[PDB]
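Presented below, as structure tokens, is a lone chain in the form deposited in one PDB entry.
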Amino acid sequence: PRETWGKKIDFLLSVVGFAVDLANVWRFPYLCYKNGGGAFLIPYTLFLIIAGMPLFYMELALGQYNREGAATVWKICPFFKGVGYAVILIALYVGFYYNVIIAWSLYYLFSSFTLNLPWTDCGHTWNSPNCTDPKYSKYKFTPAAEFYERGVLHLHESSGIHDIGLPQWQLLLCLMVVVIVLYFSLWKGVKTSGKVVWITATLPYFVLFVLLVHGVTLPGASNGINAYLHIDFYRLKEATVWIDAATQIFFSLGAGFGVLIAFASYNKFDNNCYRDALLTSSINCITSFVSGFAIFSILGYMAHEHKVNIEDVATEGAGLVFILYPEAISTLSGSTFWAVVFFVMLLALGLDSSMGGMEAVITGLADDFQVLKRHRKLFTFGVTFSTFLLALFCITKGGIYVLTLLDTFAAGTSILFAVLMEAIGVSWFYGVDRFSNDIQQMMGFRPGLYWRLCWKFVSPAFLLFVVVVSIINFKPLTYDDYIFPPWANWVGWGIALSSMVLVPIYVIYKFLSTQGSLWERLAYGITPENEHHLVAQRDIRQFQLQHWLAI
């Protein structure tokens, strides 16, 4: 038999935990402030209505009706099974470098258990002789900036991607703890994974409330809030503002990454997933908007402290969280209670997203091979051990150069291409009319005209607009003032093409393996596996023009 969620609340907290991560904190408020302030919410809320929710609703109903993972859900259109293998490999690529970012948060949490924070003075063994006591965002000779690039990263001992060196033993030990925690929270299925999210999915909300209450009291906090929610309606006349909201919506919801389809496969058949699609989509977007109030309270406080403008302090991820917040924290009364709670919140943010991505591989692959389904504990050991071994490249002395390469090419054009092909198969080849008949089979109500129009015309067109734009607006690899060698770009494109080439390859294998006439091998690959008996009866739905004209 197939296991199910112990309680309904377990499923809701798993989806919310995977959807909310560091991207909702260290990226979104900066984009809103830079683009249009309060006018950036118009294209942001528009793409959620027409593209964010239709894809979220589509994926949740796909797993519940079929009760299969990402790879093997394509029994409805056997020619598209290569798309499932593309999202599984992409989910493996992200794990090779996302657990390193979590290791940084654990390294900062272990250094906060003292009465003298390491990032306050310029008298340690990791300090350059030019360290100076405190565009403030570009200065690299401050105590907080010298503890990140010379105390944790050890970047000053590397000359580029041509010579990275041996892994750091301090960072290696922190990576070991993360993988062990990940294994024991995933080795028993969803009976154990459904209880871990009771703490990790709710802890950041508790800390964010306390940080917000104290944040608005600090001097200069009002200036940061006022500049955060300004209105500039003339910024909507530029095409870059609309593209910025289009990429943020697709990458912050995580719809089509193979995680939501696995979660919904353990749901009950009669569960109402139309309600779940709207509720969990809105919590993710509301969390991003609320988090900007707490962040810009600190930014306004920092600008008042240094007697500079708010435009000289604003930063983005990995420069605001690890270089900027520790500097402001070191002056807030206790300065130790605040340090502990801040880095505890980061751990709770990232742990849920790593669990969700790894389950998309175990559930997807165990549903393809039956032998793997019978050994869950041993198979979970293989996935985590491979992640730990292949993540040793990102904890070396030149580890940020490798992490930058993987971040650009593992996702992006490859993941945008796979989701575009998945929507085409379900909406057009499988049939929108058939899809709505399956939803009415479980819930008892047909979706409607608005939802059917967004699945067949609007969502495929929105995805195609982001795929083309991503290719056109591509630049060679760089990091700060370091320019990557030309060969490093060819290796980057090889990683991206590895997932994409899988889709055409499976079509050739499926065609060349099945027997029959030329027009017979084509019919088997487009007919659902449970409706193969009518192929020989010379009545194929997809071979009539009436099928393709459905709206």
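Each residue number is its position in the shown sequence, starting from 1. C-alpha atoms forming the largest set that superposes within 1.5 Å between two forms make up the rigid core.
There is another form of the same protein, the form deposited in another entry; it is not shown, and what comes next is about it.
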- request: State which of the options 211, 439, 392, 424 undergoes a Cα shift of 2 Å or more between the shown form and the other one, taking the core as fixed.
  value: 211
task: For residue 73, decide whether the Cα shift between the shown form and the other one is 2 Å or greater, given a superposition on the rigid core.
output: no
query: Comparing between the shown form and the other one on the rigid core, is the C-alpha shift at residue 57 2 Å or larger?
result: no
task: For residue 23, decide whether the Cα shift between the shown form and the other one is 2 Å or greater, given a superposition on the rigid core.
output: yes
- request: Explain in one word, closer or farther, how the Cα atoms of residue 265 and residue 194 are placed in the other entry relative to this form, where the distance changes by 3 Å or more.
  value: farther
- request: Since the C-alpha distance between residue 172 and residue 26 changes by 3 Å or more in the other entry, give its direction relative to the shown form: closer or farther.
  value: closer
